[PDB]
Amino acid sequence: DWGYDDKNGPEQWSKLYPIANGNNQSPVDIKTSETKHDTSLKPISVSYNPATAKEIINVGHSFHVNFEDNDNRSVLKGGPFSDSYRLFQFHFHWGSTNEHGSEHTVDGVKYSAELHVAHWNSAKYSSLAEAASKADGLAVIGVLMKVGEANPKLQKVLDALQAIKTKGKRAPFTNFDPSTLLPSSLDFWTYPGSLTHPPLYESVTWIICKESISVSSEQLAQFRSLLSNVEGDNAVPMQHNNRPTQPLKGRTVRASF
Ligand SMILES: CC(=O)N1CCN(C(=O)c2ccc(S(N)(=O)=O)cc2)C[C@@H]1Cc1ccccc1
Ligand SMILES: [Zn+2]
């Protein structure tokens, strides 16, 4: 098993998942003096249908909002891609306190939380499972969340959490377009990287937004109040789930701007 505790956490993952020491691991620190502007990058285009929102689920180390992904109702296009990618879930990462909690960092600066909106390459593959292990299989938009003013777009998500307090609980979560959560500029960095937790496959093209979104200190507390144990056991809050940044090992981070 794996987690974010001391015994099962990021520093220990490589014992069970050797790819943890691979060449394309995420997240990374983006050094802006080392990024390469690429004029071939097109703008990011998202087009999500709120009827594809399906279910919210407590997965023990985090929670996920999943989407119906049987057709191209909800898709990401543009940026570095020539293929359309189909939305399947979004989720967040956060830290023990407001001082850290993002996965990616920008010039060494840690944000409080990070939103991941994850998609799979339905142009080349027939399912998420096929795509998830392929170098071109996944595309995840990362948005850095800076502690400050309450973010009212987070509301439906946060209101839903009281129905999924313990590990394994799930609930319908419908009629929601997560492009409402993205910042108003979609200027971005991109690099080839991985899932940021086991199984750690190096299958993700990262799209990291330059503009942050807000989150209040009390909104972050609602995340940390989720519990990682199952109903009826001793309560164990989900205090953090961000992985430390990993070595670029020669990759280049490109900039759209
Ligand atoms: C079971 C299993 O291995 N799963 C399903 C759950 N899962 C995610 O949803 C996911 C987690 C983190 C990130 S991140 N933080 O990199 O954006 C993005 C997506 C991981 C991973 C995908 C996956 C799906 C199907 C087959 C193999 C792999
Ligand atoms: Zn994530």
# chains A, B, ... in the order shown; residues from 1 in each chain; ligands from 1
>>> select_by_dssp(residues="region 28-248 of chain A", states="strand (DSSP E)", output="JSON, numbers by chain")
{"A": [29, 30, 36, 37, 44, 45, 46, 47, 53, 54, 55, 56, 57, 58, 63, 64, 65, 66, 67, 75, 76, 77, 78, 85, 86, 87, 88, 89, 90, 91, 92, 93, 94, 105, 106, 113, 114, 115, 116, 117, 118, 119, 120, 121, 138, 139, 140, 141, 142, 143, 144, 145, 146, 147, 170, 171, 172, 188, 189, 190, 191, 192, 193, 204, 205, 206, 207, 208, 209, 213, 214, 215]}
>>> residues_around(residues="residue 252 (chain A)", least_positions_apart="2", cutoff="8 Å", atoms="only C-alpha atoms", output="list in words")
residues 35, 36, 191, 248, 250 and 254 of chain A
>>> residues_near_ligand(ligand="ligand 2", cutoff="12 Å", atoms="only C-alpha atoms and all ligand atoms", output="compact mmCIF listing (two decimals) with N, CA, C and O atoms, in the first residue's frame")
# COMPACT_ATOMS: atom_id res chain seq x y z
N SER A 26 6.62 13.72 -12.08
CA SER A 26 5.95 15.01 -11.71
C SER A 26 5.53 15.01 -10.22
O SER A 26 5.38 13.96 -9.59
N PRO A 27 5.33 16.16 -9.59
CA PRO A 27 5.43 17.49 -10.20
C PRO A 27 6.91 17.99 -10.26
O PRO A 27 7.84 17.30 -9.84
N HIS A 61 -7.14 9.06 0.25
CA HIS A 61 -6.01 10.03 0.30
C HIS A 61 -6.47 11.36 -0.27
O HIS A 61 -5.72 12.34 -0.09
N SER A 62 -7.66 11.40 -0.89
CA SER A 62 -8.17 12.58 -1.56
C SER A 62 -9.60 12.35 -1.87
O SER A 62 -10.24 11.40 -1.33
N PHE A 63 -10.19 13.19 -2.71
CA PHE A 63 -11.50 12.91 -3.28
C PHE A 63 -11.46 13.23 -4.76
O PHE A 63 -10.66 14.12 -5.20
N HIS A 64 -12.31 12.56 -5.52
CA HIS A 64 -12.33 12.75 -6.98
C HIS A 64 -13.71 13.07 -7.45
O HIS A 64 -14.71 12.52 -6.85
N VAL A 65 -13.84 13.95 -8.44
CA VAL A 65 -15.14 14.16 -9.05
C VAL A 65 -14.98 13.53 -10.41
O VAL A 65 -14.18 14.02 -11.30
N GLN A 89 -12.02 13.40 -14.92
CA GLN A 89 -12.12 13.72 -13.47
C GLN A 89 -11.42 15.00 -13.18
O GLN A 89 -10.57 15.47 -13.94
N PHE A 90 -11.82 15.62 -12.06
CA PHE A 90 -10.95 16.61 -11.49
C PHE A 90 -10.80 16.35 -10.00
O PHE A 90 -11.62 15.65 -9.37
N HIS A 91 -9.73 16.91 -9.42
CA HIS A 91 -9.48 16.74 -7.98
C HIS A 91 -8.51 17.80 -7.52
O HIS A 91 -8.06 18.63 -8.38
N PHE A 92 -8.14 17.76 -6.24
CA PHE A 92 -7.26 18.81 -5.74
C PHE A 92 -6.19 18.13 -5.00
O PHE A 92 -6.33 16.94 -4.58
N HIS A 93 -5.09 18.88 -4.73
CA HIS A 93 -4.11 18.49 -3.70
C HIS A 93 -3.95 19.67 -2.76
O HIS A 93 -4.17 20.80 -3.17
N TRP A 94 -3.65 19.36 -1.49
CA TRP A 94 -3.49 20.43 -0.49
C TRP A 94 -2.42 19.98 0.52
O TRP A 94 -1.98 18.84 0.49
N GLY A 101 1.22 23.07 -0.22
CA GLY A 101 0.03 22.29 -0.51
C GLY A 101 -0.06 22.10 -1.99
O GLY A 101 -0.61 21.07 -2.42
N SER A 102 0.48 23.04 -2.78
CA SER A 102 0.49 22.78 -4.28
C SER A 102 1.47 21.62 -4.58
O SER A 102 2.35 21.30 -3.77
N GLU A 103 1.36 21.02 -5.78
CA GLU A 103 2.37 20.05 -6.20
C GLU A 103 3.44 20.75 -7.01
O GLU A 103 4.64 20.70 -6.63
N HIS A 104 3.05 21.39 -8.10
CA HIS A 104 4.03 22.17 -8.89
C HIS A 104 4.39 23.42 -8.02
O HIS A 104 3.60 23.88 -7.18
N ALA A 113 -2.67 25.08 -2.53
CA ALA A 113 -3.43 23.89 -3.07
C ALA A 113 -3.26 23.91 -4.59
O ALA A 113 -2.64 24.86 -5.18
N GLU A 114 -3.73 22.86 -5.24
CA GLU A 114 -3.65 22.79 -6.72
C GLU A 114 -4.83 22.01 -7.23
O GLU A 114 -5.21 20.98 -6.61
N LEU A 115 -5.43 22.49 -8.34
CA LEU A 115 -6.53 21.81 -8.98
C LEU A 115 -5.95 21.09 -10.19
O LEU A 115 -5.16 21.66 -10.94
N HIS A 116 -6.31 19.81 -10.29
CA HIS A 116 -5.94 18.93 -11.49
C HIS A 116 -7.22 18.56 -12.25
O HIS A 116 -8.13 18.02 -11.65
N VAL A 117 -7.26 18.87 -13.53
CA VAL A 117 -8.43 18.49 -14.40
C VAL A 117 -7.80 17.51 -15.46
O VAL A 117 -6.94 17.90 -16.25
N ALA A 118 -8.26 16.25 -15.40
CA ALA A 118 -7.51 15.17 -16.06
C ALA A 118 -8.36 14.66 -17.25
O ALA A 118 -9.61 14.54 -17.17
N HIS A 119 -7.63 14.30 -18.32
CA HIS A 119 -8.30 13.93 -19.60
C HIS A 119 -7.51 12.79 -20.19
O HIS A 119 -6.31 12.63 -19.89
N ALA A 139 -3.72 13.99 -20.35
CA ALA A 139 -3.39 15.49 -20.37
C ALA A 139 -4.04 16.01 -19.09
O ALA A 139 -5.24 15.71 -18.80
N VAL A 140 -3.24 16.63 -18.22
CA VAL A 140 -3.84 17.16 -16.96
C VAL A 140 -3.55 18.69 -16.92
O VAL A 140 -2.41 19.10 -17.11
N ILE A 141 -4.60 19.49 -16.74
CA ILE A 141 -4.45 20.95 -16.50
C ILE A 141 -4.23 21.14 -15.00
O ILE A 141 -5.06 20.60 -14.18
N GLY A 142 -3.12 21.79 -14.62
CA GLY A 142 -2.88 22.09 -13.21
C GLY A 142 -3.09 23.62 -12.98
O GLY A 142 -2.60 24.44 -13.80
N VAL A 143 -3.87 24.00 -11.93
CA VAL A 143 -4.09 25.41 -11.59
C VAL A 143 -3.65 25.59 -10.13
O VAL A 143 -4.06 24.86 -9.22
N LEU A 144 -2.69 26.50 -9.92
CA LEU A 144 -2.16 26.81 -8.58
C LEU A 144 -3.16 27.60 -7.83
O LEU A 144 -3.85 28.46 -8.41
N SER A 194 4.33 12.83 -15.36
CA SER A 194 3.74 11.56 -14.86
C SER A 194 2.52 11.84 -14.03
O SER A 194 2.25 13.02 -13.65
N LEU A 195 1.79 10.77 -13.64
CA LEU A 195 0.84 10.84 -12.54
C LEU A 195 1.68 11.21 -11.29
O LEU A 195 2.78 10.70 -11.10
N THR A 196 1.11 12.01 -10.39
CA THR A 196 1.90 12.44 -9.25
C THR A 196 1.76 11.54 -8.04
O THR A 196 2.27 11.84 -6.96
N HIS A 197 1.08 10.40 -8.18
CA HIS A 197 1.05 9.41 -7.10
C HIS A 197 0.95 8.04 -7.75
O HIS A 197 0.70 7.96 -8.96
N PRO A 198 1.18 6.96 -6.98
CA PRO A 198 1.11 5.58 -7.62
C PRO A 198 -0.19 5.46 -8.43
O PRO A 198 -1.28 5.91 -7.98
N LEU A 200 2.05 6.26 -10.84
CA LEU A 200 3.22 7.05 -11.28
C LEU A 200 3.64 6.98 -12.71
O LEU A 200 4.78 7.42 -13.11
N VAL A 204 1.66 11.57 -18.71
CA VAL A 204 0.91 12.82 -18.61
C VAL A 204 1.64 13.98 -19.34
O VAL A 204 2.76 14.27 -19.01
N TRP A 206 1.57 17.71 -19.06
CA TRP A 206 1.09 18.71 -18.10
C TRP A 206 0.82 20.04 -18.75
O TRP A 206 1.60 20.48 -19.61
N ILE A 208 0.20 23.68 -17.13
CA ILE A 208 0.16 24.40 -15.86
C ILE A 208 -0.16 25.85 -16.19
O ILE A 208 0.55 26.53 -16.94
N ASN A 241 -1.78 15.84 0.78
CA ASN A 241 -1.67 14.83 -0.29
C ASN A 241 -0.87 15.39 -1.47
O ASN A 241 -1.05 14.96 -2.62
N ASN A 242 0.09 16.28 -1.17
CA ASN A 242 0.95 16.77 -2.24
C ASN A 242 2.33 16.08 -2.29
O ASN A 242 3.06 15.97 -1.25
N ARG A 243 2.77 15.71 -3.49
CA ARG A 243 4.07 15.13 -3.61
C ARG A 243 5.13 16.27 -3.76
O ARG A 243 4.88 17.25 -4.47
>>> atom_distance(atom1="atom 24 (C, counted along the ligand's line) of ligand 1", atom2="CA of residue 256 (chain A)")
28.2 Å
>>> closest_residue(among="A:134, A:15, A:110, A:54", to="ligand 1", atoms="only C-alpha atoms and all ligand atoms")
A:134
>>> closest_residue(among="A:24, A:212, A:222, A:72", to="residue 181 (chain A)", atoms="only C-alpha atoms")
A:212
>>> residues_around(residues="region 74-76 of chain A", least_positions_apart="2", cutoff="9 Å", atoms="only C-alpha atoms", output="VMD selection string")
chain A and resid 44 to 50 52 67 to 69 71 to 72 78 83 to 88 119 139
>>> write_last_selection(atoms="N, CA and C atoms", output="PDB file, in the first residue's frame")
ATOM      1  N   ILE A  44      -5.158  26.828 -25.476  1.00  0.00           N
ATOM      2  CA  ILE A  44      -5.975  25.756 -24.875  1.00  0.00           C
ATOM      3  C   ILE A  44      -7.415  26.077 -25.103  1.00  0.00           C
ATOM      4  N   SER A  45      -8.169  25.056 -25.523  1.00  0.00           N
ATOM      5  CA  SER A  45      -9.554  25.142 -25.760  1.00  0.00           C
ATOM      6  C   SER A  45     -10.210  24.015 -24.919  1.00  0.00           C
ATOM      7  N   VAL A  46     -11.033  24.411 -23.959  1.00  0.00           N
ATOM      8  CA  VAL A  46     -11.853  23.444 -23.218  1.00  0.00           C
ATOM      9  C   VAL A  46     -13.325  23.622 -23.562  1.00  0.00           C
ATOM     10  N   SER A  47     -14.029  22.506 -23.666  1.00  0.00           N
ATOM     11  CA  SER A  47     -15.447  22.569 -23.978  1.00  0.00           C
ATOM     12  C   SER A  47     -16.097  21.403 -23.251  1.00  0.00           C
ATOM     13  N   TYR A  48     -16.654  21.697 -22.091  1.00  0.00           N
ATOM     14  CA  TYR A  48     -17.166  20.650 -21.196  1.00  0.00           C
ATOM     15  C   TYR A  48     -18.668  20.759 -21.077  1.00  0.00           C
ATOM     16  N   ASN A  49     -19.349  19.629 -21.131  1.00  0.00           N
ATOM     17  CA  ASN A  49     -20.803  19.637 -20.988  1.00  0.00           C
ATOM     18  C   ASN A  49     -21.150  19.288 -19.537  1.00  0.00           C
ATOM     19  N   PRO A  50     -21.878  20.154 -18.811  1.00  0.00           N
ATOM     20  CA  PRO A  50     -22.163  19.876 -17.393  1.00  0.00           C
ATOM     21  C   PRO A  50     -22.933  18.564 -17.169  1.00  0.00           C
ATOM     22  N   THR A  52     -22.086  15.739 -18.243  1.00  0.00           N
ATOM     23  CA  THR A  52     -21.129  14.606 -18.069  1.00  0.00           C
ATOM     24  C   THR A  52     -20.682  14.433 -16.589  1.00  0.00           C
ATOM     25  N   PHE A  67     -16.398  11.963 -14.265  1.00  0.00           N
ATOM     26  CA  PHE A  67     -17.263  12.362 -15.354  1.00  0.00           C
ATOM     27  C   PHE A  67     -17.526  11.171 -16.242  1.00  0.00           C
ATOM     28  N   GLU A  68     -18.717  11.133 -16.808  1.00  0.00           N
ATOM     29  CA  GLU A  68     -19.007  10.184 -17.916  1.00  0.00           C
ATOM     30  C   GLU A  68     -18.058  10.470 -19.047  1.00  0.00           C
ATOM     31  N   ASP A  69     -17.438   9.413 -19.531  1.00  0.00           N
ATOM     32  CA  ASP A  69     -16.415   9.550 -20.605  1.00  0.00           C
ATOM     33  C   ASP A  69     -16.605   8.558 -21.784  1.00  0.00           C
ATOM     34  N   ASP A  71     -18.234   9.482 -24.600  1.00  0.00           N
ATOM     35  CA  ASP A  71     -18.202  10.203 -25.858  1.00  0.00           C
ATOM     36  C   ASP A  71     -17.473  11.536 -25.742  1.00  0.00           C
ATOM     37  N   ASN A  72     -17.473  12.322 -26.798  1.00  0.00           N
ATOM     38  CA  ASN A  72     -16.734  13.573 -26.766  1.00  0.00           C
ATOM     39  C   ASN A  72     -17.533  14.769 -26.378  1.00  0.00           C
ATOM     40  N   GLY A  78      -6.118  21.748 -28.522  1.00  0.00           N
ATOM     41  CA  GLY A  78      -5.183  22.896 -28.629  1.00  0.00           C
ATOM     42  C   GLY A  78      -3.921  22.683 -27.802  1.00  0.00           C
ATOM     43  N   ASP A  83      -4.480  15.905 -31.055  1.00  0.00           N
ATOM     44  CA  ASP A  83      -5.538  14.935 -30.672  1.00  0.00           C
ATOM     45  C   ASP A  83      -6.504  15.685 -29.711  1.00  0.00           C
ATOM     46  N   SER A  84      -7.768  15.324 -29.673  1.00  0.00           N
ATOM     47  CA  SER A  84      -8.706  15.774 -28.690  1.00  0.00           C
ATOM     48  C   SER A  84      -8.569  14.853 -27.456  1.00  0.00           C
ATOM     49  N   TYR A  85      -8.620  15.436 -26.248  1.00  0.00           N
ATOM     50  CA  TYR A  85      -8.577  14.601 -25.007  1.00  0.00           C
ATOM     51  C   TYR A  85      -9.881  14.720 -24.255  1.00  0.00           C
ATOM     52  N   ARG A  86     -10.375  13.598 -23.736  1.00  0.00           N
ATOM     53  CA  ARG A  86     -11.700  13.526 -23.138  1.00  0.00           C
ATOM     54  C   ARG A  86     -11.555  13.699 -21.594  1.00  0.00           C
ATOM     55  N   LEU A  87     -12.331  14.610 -21.017  1.00  0.00           N
ATOM     56  CA  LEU A  87     -12.383  14.817 -19.556  1.00  0.00           C
ATOM     57  C   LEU A  87     -12.848  13.579 -18.838  1.00  0.00           C
ATOM     58  N   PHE A  88     -12.155  13.216 -17.763  1.00  0.00           N
ATOM     59  CA  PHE A  88     -12.658  12.124 -16.914  1.00  0.00           C
ATOM     60  C   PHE A  88     -12.793  12.441 -15.452  1.00  0.00           C
ATOM     61  N   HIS A 119      -7.627  14.298 -18.322  1.00  0.00           N
ATOM     62  CA  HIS A 119      -8.301  13.932 -19.600  1.00  0.00           C
ATOM     63  C   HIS A 119      -7.508  12.792 -20.188  1.00  0.00           C
ATOM     64  N   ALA A 139      -3.721  13.988 -20.346  1.00  0.00           N
ATOM     65  CA  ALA A 139      -3.393  15.489 -20.371  1.00  0.00           C
ATOM     66  C   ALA A 139      -4.037  16.010 -19.089  1.00  0.00           C
TER      67      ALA A 139
END
>>> atom_distance(atom1="CA of residue 112 (chain A)", atom2="CA of residue 211 (chain A)")
14.1 Å
>>> closest_residue(among="A:53, A:221, A:41, A:30", to="residue 147 (chain A)", atoms="only C-alpha atoms")
A:221
>>> closest_residue(among="A:95, A:168, A:193, A:237", to="ligand 1", atoms="only C-alpha atoms and all ligand atoms")
A:193
>>> atom_distance(atom1="CA of residue 73 (chain A)", atom2="CA of residue 125 (chain A)")
16.5 Å
>>> select_by_dssp(residues="region 3-188 of chain A", states="alpha helix (DSSP H)", output="MDAnalysis selection string")
chainID A and resid 13:16 128:131 155:160
>>> closest_residue(among="A:2, A:173, A:81, A:111", to="ligand 1", atoms="only C-alpha atoms and all ligand atoms")
A:2
>>> closest_residue(among="A:79, A:249, A:213, A:255", to="residue 33 (chain A)", atoms="only C-alpha atoms")
A:255
